[PDB]
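Participant: Please find one structure pasted underneath; my questions will follow.
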Amino acid sequence: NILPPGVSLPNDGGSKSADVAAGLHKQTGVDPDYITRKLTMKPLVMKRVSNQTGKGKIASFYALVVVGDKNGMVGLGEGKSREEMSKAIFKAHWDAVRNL
Amino acid sequence: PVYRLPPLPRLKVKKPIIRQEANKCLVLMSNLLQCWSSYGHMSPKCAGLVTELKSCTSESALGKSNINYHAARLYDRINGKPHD
Amino acid sequence: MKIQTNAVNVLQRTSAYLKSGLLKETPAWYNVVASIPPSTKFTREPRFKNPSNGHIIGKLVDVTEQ
Amino acid sequence: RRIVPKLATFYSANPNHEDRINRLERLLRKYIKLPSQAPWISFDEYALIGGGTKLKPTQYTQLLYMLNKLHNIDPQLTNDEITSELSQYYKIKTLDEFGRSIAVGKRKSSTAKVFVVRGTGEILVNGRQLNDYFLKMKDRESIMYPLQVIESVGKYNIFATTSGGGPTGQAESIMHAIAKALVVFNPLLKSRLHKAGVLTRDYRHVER
Amino acid sequence: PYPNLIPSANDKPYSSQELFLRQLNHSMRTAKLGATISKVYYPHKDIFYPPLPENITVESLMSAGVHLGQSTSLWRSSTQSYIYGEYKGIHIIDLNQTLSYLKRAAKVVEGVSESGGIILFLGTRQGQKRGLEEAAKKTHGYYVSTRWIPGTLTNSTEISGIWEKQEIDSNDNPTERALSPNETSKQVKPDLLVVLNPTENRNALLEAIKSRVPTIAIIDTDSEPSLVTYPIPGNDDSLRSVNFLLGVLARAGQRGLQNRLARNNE
RNA sequence: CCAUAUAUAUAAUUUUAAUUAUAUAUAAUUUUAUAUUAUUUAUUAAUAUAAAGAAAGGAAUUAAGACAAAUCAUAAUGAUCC
Ligand SMILES: [Mg+2]
């Protein structure tokens, strides 16, 4: 094999909840297991918002989600993505976990 | 009396005026021309001045405002705006 | 500015995070801040006496006194 | 056990540079009393050990200022600490058997090889008299000029051998070669010759 | 002692370096003869010989200029309770309140250092680097004096994630263990943040609020007391007062560190 | 990468132009010490003077729009036509 010193391919190296938990533990120290197991997310608002620009009209996806463990902790998160709605939901989940 | 301006977007002078110093060659030329005007051209009186010009222009014929920068830098400190 | 709540209640937020399970390890400052409560009153206090000269503030001489 | 950042400046913009300047300041501060009286690593070389992309040219100039201040300390009063800290950042012609100085000069497409010996001002060019080979007085004066700059005209004999280009190019190649040969006989005059403009090759050449 | 020095011959006069060493020998022995100076303020000592929190008096705080507040025209009315009065066009800070708050903050710093937490000394005014560095070194802490990068706490991955980290024992001894990339890329968050100029460091205060980092600061007459967990009413624009308070806090942190090491060595 | 200046190698100096030829390598974006004037006042620029310098030029290398093309002789494929 010709692997570089460190590979980063989890299937070829020679979902929203998991990535949210990992990034949150990396950035703020939150426990991944608590996020993945106990928190539950429901999207509240999902829409498409547009911006005019001299070249053309640019569309983006806005998501507002609410997360909570159903035992007294609740947080609201908003996410924007020009590419896809799923990424907007991912960012909203991230923010909601941050705003618990 | 003291006049206090409102909170302004900027503090800048539209046209800063700089004190360029008139070239020595030009004023020496003017003095020579006045000499030849009064005494006469190639007059004995002011011929010495000619020598100076002959040197002063020999090598070459003729031989910046930071107010806006300092104003922009200092405005937040001196404007005296209310707290928040 | 409004009197800020979040600066002085860091202990309460961290306690909620810890008990909920969102945070697993107590911060090193948690026990110290618990032992030393922050002062959470921001009140304008009345002054009745000028220290420099001793003049008493807030006194009215009634009609009977004359 | 406890995980903590290595450097005391970890929360600064460029912690590596700040820590290194802190060490340099510490040494410059302990030994401030010592009186005073070799390139340094390049910008990329310091970037590798410092902030990398975060490294800034002003930071590099500050590093160089401190390093030059520390090095400029009088060598007789320096010690092992200063030298140890500074070490991390550190990156003759003669006459022949016949008493001749041999020099080679170039100008345009002309090349000249000159043998300069001590003598009485005699000159030969391609085995021919100077006036026969060089009809133009200006070229002869150009050949003379380096000799008369050091006022040694009439004290050396010159055997010049040219090839390529035309008259002026060959003459100025002889000039530059004569200057380079003269430097050997008395190195202390080199600066003098260098200030006359005869020890610098005229890099100008025909371009497309 | 002085290697690579070539003495001069007895016949010839002294050299410049020989004269320098001769005058150094004179200075360390005889230049200080005639009197001993007492009751004189030397600025450097404020950094190197700070007093303990319990030994601080109101007179010592007033000598450092801690009481001198901002101009009455720049008053932040939320700081009313800390003010003793106004005098010569400026507000005077009540130094008894300053003493109480300073003792409380010194106890906080000592406790945090004794627990092995990370203490960050942030001060971005002109001549504050020396005291900040000395406080960080004697508290085994960290400091910033050039500029506070916004997002240093809330965006730690994009700012401070690239710099190297280190595993250490209870006695602060390097272990030289190899850290995994995930461990190296985690956020390392200060346990205590002390700010010398909170008026010019609103970003740091807001980040500490968001990240739940308890913070100390010197609250001048024009500064907001409620933006920090442990305010210290005092003058923040005079270097002497700032260095005095910082030295007190640093000595408290050093005492906490010494207690920690003493317990680990028993 | 050229050009320039050097160092090593190679040539049994009759393939001789060793003043040359072509391989490798180094060098610079010049470095400094002061003076004067400006300066965000020094750990800064303008110059000038002195010192070490052979050191003074050049080309190439990316995308995004917009226009023009049939000696678009800068082509391919397709449409139609004999
Ligand atoms: Mg202030």
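Convention: chains lettered A, B, ... in structure tokens order; per-chain residue numbering from 1; ligands numbered from 1 as shown.
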Mind listing the residues within 6 Å of ligand 1, only C-alpha atoms (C1' of nucleotides) and all ligand atoms counted, as a ChimeraX atom specification?
Facilitator: /E:220,236-237
Participant: Using the chain letters and numbers from this document, which residues of chain A does DSSP assign to alpha helix (DSSP H), as a VMD selection string?
Facilitator: chain A and resid 16 to 28 32 to 38 85 to 98
Participant: Distance limit 6 Å, atoms considered: only C-alpha atoms. Which chain E residues sit that close to chain D? Return them as JSON, numbers by chain.
Facilitator: {"E": [4, 5, 142, 143, 144, 165, 166, 167, 168, 169]}
Participant: Write out as CSV the residues of chain C that have any atom within 12 Å of an atom of chain B, one row each with the nearest atom pair and its distance in Å to one decimal, counting only C-alpha atoms, sorted by chain and then rising number.
Facilitator:
```
residue,atom,partner,partner_atom,distance
C:1,CA,B:84,CA,5.0
C:2,CA,B:84,CA,8.8
C:3,CA,B:84,CA,11.3
```
Participant: Need the shell around residue E:111: protein/DNA/RNA residues with any atom at most 6 Å away, counting only C-alpha atoms (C1' of nucleotides). Skip same-chain ones fewer than 3 positions apart. Format as number ranges by chain?
Facilitator: C: 32; E: 108, 114
Participant: Can you write just those residues out, C-alpha atoms, as a CSV table (one decimal), in the first residue's frame?
Facilitator:
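Result saved to part_3.csv:
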```csv
chain,number,residue,atom,x,y,z
C,32,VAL,CA,-13.9,28.0,43.3
E,108,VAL,CA,-10.7,33.4,43.2
E,114,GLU,CA,-4.6,25.7,43.1
```
Participant: Counting only C-alpha atoms, which residues from chain C have an atom at most 7 Å from any atom of chain A, and could you show them as JSON, numbers by chain?
Facilitator: {"C": [21, 22, 23, 24]}
Participant: Could you take the residues named above and write them with N, CA and C atoms, as a CSV table (one decimal), in the first residue's frame?
Facilitator:
```csv
chain,number,residue,atom,x,y,z
C,21,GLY,N,-26.2,16.5,31.8
C,21,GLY,CA,-25.4,15.5,31.1
C,21,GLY,C,-24.7,16.1,29.9
C,22,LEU,N,-25.1,17.4,29.5
C,22,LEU,CA,-24.5,18.0,28.3
C,22,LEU,C,-23.0,18.1,28.5
C,23,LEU,N,-22.5,18.4,29.7
C,23,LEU,CA,-21.1,18.5,30.0
C,23,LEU,C,-20.8,17.4,31.0
C,24,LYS,N,-19.7,16.7,30.8
C,24,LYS,CA,-19.3,15.5,31.5
C,24,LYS,C,-18.4,15.8,32.7
```
Participant: Show which residues sit within 8 Å of residue E:193, as a ChimeraX atom specification. Count only C-alpha atoms (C1' of nucleotides), and ignore same-chain residues fewer than 5 positions away.
Facilitator: /E:119-122,208,213-216
Participant: Go ahead and write the residues just picked, N, CA, C and O atoms, as a tab-separated table (two decimals), in the first residue's frame.
Facilitator:
```tsv
chain	number	residue	atom	x	y	z
E	119	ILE	N	-5.33	30.10	33.52
E	119	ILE	CA	-5.57	31.51	33.82
E	119	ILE	C	-4.97	32.34	32.69
E	119	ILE	O	-3.79	32.18	32.35
E	120	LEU	N	-5.78	33.21	32.11
E	120	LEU	CA	-5.39	34.03	30.97
E	120	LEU	C	-5.42	35.50	31.37
E	120	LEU	O	-6.44	36.00	31.84
E	121	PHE	N	-4.29	36.18	31.17
E	121	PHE	CA	-4.12	37.58	31.51
E	121	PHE	C	-4.15	38.38	30.22
E	121	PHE	O	-3.20	38.34	29.43
E	122	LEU	N	-5.23	39.12	29.99
E	122	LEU	CA	-5.43	39.87	28.76
E	122	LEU	C	-5.31	41.36	29.07
E	122	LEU	O	-6.11	41.90	29.84
E	208	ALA	N	-16.28	35.33	26.72
E	208	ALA	CA	-16.27	34.64	28.01
E	208	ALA	C	-17.69	34.41	28.51
E	208	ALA	O	-17.99	33.35	29.08
E	213	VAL	N	-16.97	31.36	30.86
E	213	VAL	CA	-15.64	31.51	31.45
E	213	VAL	C	-15.73	32.61	32.50
E	213	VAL	O	-15.92	33.78	32.13
E	214	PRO	N	-15.61	32.32	33.79
E	214	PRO	CA	-15.64	33.40	34.78
E	214	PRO	C	-14.49	34.36	34.55
E	214	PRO	O	-13.37	33.95	34.22
E	215	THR	N	-14.76	35.65	34.73
E	215	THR	CA	-13.82	36.69	34.35
E	215	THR	C	-13.68	37.73	35.45
E	215	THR	O	-14.64	38.06	36.15
E	216	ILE	N	-12.46	38.24	35.59
E	216	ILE	CA	-12.12	39.35	36.48
E	216	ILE	C	-11.74	40.54	35.60
E	216	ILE	O	-11.27	40.35	34.47
```
Participant: Looking at only C-alpha atoms, which of E:32, E:234, E:222, E:251 is the one that sits closest to residue E:73?
Facilitator: E:222
Participant: Can you pull out the residues contacting residue F:58? Cut-off 12 Å, using only C-alpha atoms (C1' of nucleotides), and skip same-chain residues under 6 positions away; I want them as a list in words.
Facilitator: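 Residues near the query, excluding close chain neighbours: residues 204, 205, 207 and 208 of chain D; 1, 2, 3 and 4 of chain F.
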Participant: Determine, using only C-alpha atoms, which residues of chain E have any atom at most 8 Å from an atom of chain A, and tabulate each with its shortest atom pair and distance in Å to one decimal place, rows ordered by chain and then rising number, as a Markdown table.
Facilitator:
```
| residue | atom | partner | partner_atom | distance |
| --- | --- | --- | --- | --- |
| E:154 | CA | A:28 | CA | 7.8 |
| E:155 | CA | A:27 | CA | 7.4 |
| E:156 | CA | A:27 | CA | 6.7 |
| E:157 | CA | A:27 | CA | 6.0 |
| E:182 | CA | A:26 | CA | 7.9 |
| E:185 | CA | A:26 | CA | 7.0 |
| E:186 | CA | A:26 | CA | 5.0 |
| E:187 | CA | A:27 | CA | 5.7 |
```
Participant: Would you mind exporting the chosen residues as a PDB file, in the first residue's frame, restricted to C-alpha atoms?
Facilitator:
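Saved to result-v7.pdb:
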```
ATOM      1  CA  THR E 154     -16.247  30.887  20.317  1.00  0.00           C
ATOM      2  CA  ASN E 155     -14.228  30.015  17.174  1.00  0.00           C
ATOM      3  CA  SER E 156     -11.267  28.284  18.800  1.00  0.00           C
ATOM      4  CA  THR E 157     -10.924  25.628  16.090  1.00  0.00           C
ATOM      5  CA  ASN E 182      -8.119  14.710  17.956  1.00  0.00           C
ATOM      6  CA  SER E 185      -7.468  19.730  17.852  1.00  0.00           C
ATOM      7  CA  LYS E 186      -9.761  20.035  20.890  1.00  0.00           C
ATOM      8  CA  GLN E 187     -10.562  23.431  22.338  1.00  0.00           C
TER       9      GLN E 187
END
```
Participant: Write out as a PyMOL selection string the residues lying within 9 Å of stretch 101-113 of chain D, counting only C-alpha atoms (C1' of nucleotides) and excluding same-chain residues fewer than 2 positions away.
Facilitator: (chain D and resi 93-96+99+115-117+159-182+184-185+201-206) or (chain F and resi 19)
Participant: What are the DSSP strand (DSSP E or B) residues of stretch 10-89 of chain A, as a ChimeraX atom specification?
Facilitator: /A:40-52,57-68,74-81
Participant: Write to file, as a short mmCIF file (atom, residue, chain, number, x, y, z; two decimals), in the first residue's frame, the residues of the selection just made, with C-alpha atoms.
Facilitator:
```
data_model
loop_
_atom_site.label_atom_id
_atom_site.label_comp_id
_atom_site.auth_asym_id
_atom_site.auth_seq_id
_atom_site.Cartn_x
_atom_site.Cartn_y
_atom_site.Cartn_z
CA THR A 40 -34.34 15.13 19.87
CA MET A 41 -34.72 17.59 17.00
CA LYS A 42 -37.85 18.79 15.23
CA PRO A 43 -37.59 21.35 12.41
CA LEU A 44 -39.91 24.28 13.12
CA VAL A 45 -39.43 26.53 10.06
CA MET A 46 -38.10 25.58 6.62
CA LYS A 47 -38.12 28.12 3.80
CA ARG A 48 -36.31 29.50 0.76
CA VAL A 49 -35.09 33.11 0.90
CA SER A 50 -33.77 35.01 -2.12
CA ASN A 51 -31.39 37.92 -2.60
CA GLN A 52 -31.18 40.08 -5.70
CA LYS A 57 -30.99 36.21 -8.12
CA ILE A 58 -29.37 33.99 -5.47
CA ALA A 59 -31.50 31.48 -3.55
CA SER A 60 -30.70 30.11 -0.09
CA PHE A 61 -32.38 27.71 2.33
CA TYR A 62 -33.27 28.75 5.89
CA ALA A 63 -33.98 26.22 8.63
CA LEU A 64 -35.06 26.88 12.22
CA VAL A 65 -35.01 23.82 14.48
CA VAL A 66 -35.59 23.17 18.18
CA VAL A 67 -33.67 20.54 20.16
CA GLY A 68 -34.28 19.25 23.66
CA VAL A 74 -34.41 23.28 25.12
CA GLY A 75 -32.52 25.21 22.47
CA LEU A 76 -33.28 27.00 19.22
CA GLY A 77 -30.99 26.99 16.19
CA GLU A 78 -31.07 28.71 12.79
CA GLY A 79 -29.06 27.66 9.76
CA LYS A 80 -28.53 29.11 6.28
CA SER A 81 -27.20 27.26 3.24
#
```
Participant: Could you name the residues that touch stretch 24-36 of chain F at 9 Å or less, counting only C-alpha atoms (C1' of nucleotides), but leaving out those on the same chain fewer than 2 positions away, as a PyMOL selection string?
Facilitator: chain F and resi 5-9+47-53+55
Participant: Using N, CA, C and O atoms (P, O5', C5', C4', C3', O3' and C1' of nucleotides), can you write the selected residues to a file as a PDB file, in the first residue's frame?
Facilitator:
```pdb
ATOM      1  P     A F   5      30.228  37.581 -17.485  1.00  0.00           P
ATOM      2  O5'   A F   5      30.531  37.407 -15.932  1.00  0.00           O
ATOM      3  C5'   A F   5      30.872  38.524 -15.123  1.00  0.00           C
ATOM      4  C4'   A F   5      31.068  38.118 -13.684  1.00  0.00           C
ATOM      5  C3'   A F   5      31.931  36.886 -13.461  1.00  0.00           C
ATOM      6  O3'   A F   5      33.314  37.186 -13.483  1.00  0.00           O
ATOM      7  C1'   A F   5      29.959  36.734 -12.150  1.00  0.00           C
ATOM      8  P     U F   6      34.383  36.038 -13.818  1.00  0.00           P
ATOM      9  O5'   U F   6      34.054  34.896 -12.758  1.00  0.00           O
ATOM     10  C5'   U F   6      35.046  34.417 -11.864  1.00  0.00           C
ATOM     11  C4'   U F   6      34.429  33.835 -10.618  1.00  0.00           C
ATOM     12  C3'   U F   6      34.667  32.352 -10.397  1.00  0.00           C
ATOM     13  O3'   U F   6      35.938  32.087  -9.829  1.00  0.00           O
ATOM     14  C1'   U F   6      32.382  32.848 -10.043  1.00  0.00           C
ATOM     15  P     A F   7      36.906  30.975 -10.468  1.00  0.00           P
ATOM     16  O5'   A F   7      36.442  29.625  -9.768  1.00  0.00           O
ATOM     17  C5'   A F   7      36.508  29.484  -8.357  1.00  0.00           C
ATOM     18  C4'   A F   7      35.736  28.281  -7.881  1.00  0.00           C
ATOM     19  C3'   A F   7      36.020  26.975  -8.604  1.00  0.00           C
ATOM     20  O3'   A F   7      37.197  26.340  -8.138  1.00  0.00           O
ATOM     21  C1'   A F   7      33.682  27.260  -8.352  1.00  0.00           C
ATOM     22  P     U F   8      38.062  25.406  -9.117  1.00  0.00           P
ATOM     23  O5'   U F   8      37.199  24.073  -9.238  1.00  0.00           O
ATOM     24  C5'   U F   8      37.031  23.211  -8.122  1.00  0.00           C
ATOM     25  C4'   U F   8      36.139  22.043  -8.458  1.00  0.00           C
ATOM     26  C3'   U F   8      36.520  21.253  -9.699  1.00  0.00           C
ATOM     27  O3'   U F   8      37.552  20.313  -9.457  1.00  0.00           O
ATOM     28  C1'   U F   8      34.208  21.725  -9.750  1.00  0.00           C
ATOM     29  P     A F   9      38.531  19.864 -10.649  1.00  0.00           P
ATOM     30  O5'   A F   9      37.583  19.041 -11.628  1.00  0.00           O
ATOM     31  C5'   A F   9      36.941  17.854 -11.189  1.00  0.00           C
ATOM     32  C4'   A F   9      35.943  17.355 -12.202  1.00  0.00           C
ATOM     33  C3'   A F   9      36.484  17.135 -13.602  1.00  0.00           C
ATOM     34  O3'   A F   9      37.166  15.898 -13.720  1.00  0.00           O
ATOM     35  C1'   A F   9      34.412  18.285 -13.715  1.00  0.00           C
ATOM     36  P     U F  47      14.699  59.098  -3.904  1.00  0.00           P
ATOM     37  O5'   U F  47      16.116  59.694  -4.319  1.00  0.00           O
ATOM     38  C5'   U F  47      17.227  59.620  -3.438  1.00  0.00           C
ATOM     39  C4'   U F  47      17.620  60.978  -2.916  1.00  0.00           C
ATOM     40  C3'   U F  47      19.116  61.222  -2.800  1.00  0.00           C
ATOM     41  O3'   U F  47      19.697  61.637  -4.022  1.00  0.00           O
ATOM     42  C1'   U F  47      18.083  61.797  -0.764  1.00  0.00           C
ATOM     43  P     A F  48      20.964  60.852  -4.622  1.00  0.00           P
ATOM     44  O5'   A F  48      22.173  61.338  -3.708  1.00  0.00           O
ATOM     45  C5'   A F  48      22.457  62.721  -3.565  1.00  0.00           C
ATOM     46  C4'   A F  48      23.377  62.985  -2.402  1.00  0.00           C
ATOM     47  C3'   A F  48      24.596  62.087  -2.289  1.00  0.00           C
ATOM     48  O3'   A F  48      25.645  62.444  -3.171  1.00  0.00           O
ATOM     49  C1'   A F  48      23.588  62.317  -0.166  1.00  0.00           C
ATOM     50  P     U F  49      26.755  61.355  -3.578  1.00  0.00           P
ATOM     51  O5'   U F  49      27.581  61.121  -2.233  1.00  0.00           O
ATOM     52  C5'   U F  49      28.439  62.129  -1.722  1.00  0.00           C
ATOM     53  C4'   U F  49      28.735  61.930  -0.255  1.00  0.00           C
ATOM     54  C3'   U F  49      29.735  60.837   0.080  1.00  0.00           C
ATOM     55  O3'   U F  49      31.072  61.288  -0.056  1.00  0.00           O
ATOM     56  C1'   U F  49      27.852  60.681   1.521  1.00  0.00           C
ATOM     57  P     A F  50      32.130  60.497  -0.969  1.00  0.00           P
ATOM     58  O5'   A F  50      32.908  59.579   0.073  1.00  0.00           O
ATOM     59  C5'   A F  50      32.802  58.165   0.031  1.00  0.00           C
ATOM     60  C4'   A F  50      32.851  57.565   1.411  1.00  0.00           C
ATOM     61  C3'   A F  50      33.039  56.055   1.457  1.00  0.00           C
ATOM     62  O3'   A F  50      34.394  55.668   1.335  1.00  0.00           O
ATOM     63  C1'   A F  50      31.217  56.640   2.821  1.00  0.00           C
ATOM     64  P     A F  51      34.821  54.551   0.263  1.00  0.00           P
ATOM     65  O5'   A F  51      34.391  53.184   0.957  1.00  0.00           O
ATOM     66  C5'   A F  51      34.918  52.829   2.224  1.00  0.00           C
ATOM     67  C4'   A F  51      34.331  51.539   2.737  1.00  0.00           C
ATOM     68  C3'   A F  51      34.202  50.407   1.731  1.00  0.00           C
ATOM     69  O3'   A F  51      35.424  49.731   1.501  1.00  0.00           O
ATOM     70  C1'   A F  51      32.217  50.572   3.013  1.00  0.00           C
ATOM     71  P     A F  52      35.632  48.872   0.159  1.00  0.00           P
ATOM     72  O5'   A F  52      34.695  47.602   0.366  1.00  0.00           O
ATOM     73  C5'   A F  52      35.006  46.616   1.338  1.00  0.00           C
ATOM     74  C4'   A F  52      34.012  45.482   1.316  1.00  0.00           C
ATOM     75  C3'   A F  52      33.804  44.810  -0.031  1.00  0.00           C
ATOM     76  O3'   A F  52      34.813  43.866  -0.341  1.00  0.00           O
ATOM     77  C1'   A F  52      31.704  45.256   0.960  1.00  0.00           C
ATOM     78  P     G F  53      35.497  43.850  -1.796  1.00  0.00           P
ATOM     79  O5'   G F  53      34.364  43.264  -2.750  1.00  0.00           O
ATOM     80  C5'   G F  53      33.400  44.119  -3.346  1.00  0.00           C
ATOM     81  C4'   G F  53      32.084  43.414  -3.551  1.00  0.00           C
ATOM     82  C3'   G F  53      31.680  43.173  -5.000  1.00  0.00           C
ATOM     83  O3'   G F  53      32.284  42.019  -5.559  1.00  0.00           O
ATOM     84  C1'   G F  53      29.873  44.149  -3.846  1.00  0.00           C
ATOM     85  P     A F  55      29.370  45.779  -9.077  1.00  0.00           P
ATOM     86  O5'   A F  55      27.934  45.169  -9.390  1.00  0.00           O
ATOM     87  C5'   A F  55      27.378  45.237 -10.695  1.00  0.00           C
ATOM     88  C4'   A F  55      26.167  44.348 -10.818  1.00  0.00           C
ATOM     89  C3'   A F  55      25.073  44.590  -9.790  1.00  0.00           C
ATOM     90  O3'   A F  55      24.202  45.630 -10.195  1.00  0.00           O
ATOM     91  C1'   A F  55      25.559  42.271  -9.916  1.00  0.00           C
TER      92        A F  55
END
```
Participant: May I ask you to extract the residues of chain E within 8 Å of chain C, using only C-alpha atoms, and to give them as a compact mmCIF listing (two decimals) with C-alpha atoms, in the first residue's frame?
Facilitator:
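To be explicit, this is the file written out as part.txt:
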```txt
# COMPACT_ATOMS: atom_id res chain seq x y z
CA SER E 78 -24.20 52.07 36.54
CA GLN E 80 -22.59 54.76 41.10
CA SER E 81 -22.15 52.45 44.09
CA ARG E 104 -12.30 38.37 46.69
CA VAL E 108 -10.70 33.42 43.17
CA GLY E 111 -8.37 28.88 44.06
CA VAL E 112 -8.32 28.53 40.28
CA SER E 115 -7.09 23.59 41.09
CA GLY E 116 -4.76 23.50 38.08
CA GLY E 117 -7.00 25.61 35.88
CA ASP E 191 -10.73 28.58 33.39
CA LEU E 192 -10.23 32.22 34.44
CA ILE E 209 -19.97 35.22 28.70
CA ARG E 212 -19.15 30.40 30.44
CA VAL E 213 -15.64 31.51 31.45
CA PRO E 214 -15.64 33.40 34.78
CA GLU E 224 -19.79 48.32 32.92
CA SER E 226 -22.11 43.68 35.18
CA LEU E 227 -20.14 42.45 32.15
CA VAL E 228 -17.71 40.59 34.46
CA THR E 229 -18.08 38.01 37.21
CA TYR E 230 -15.59 39.55 39.67
```
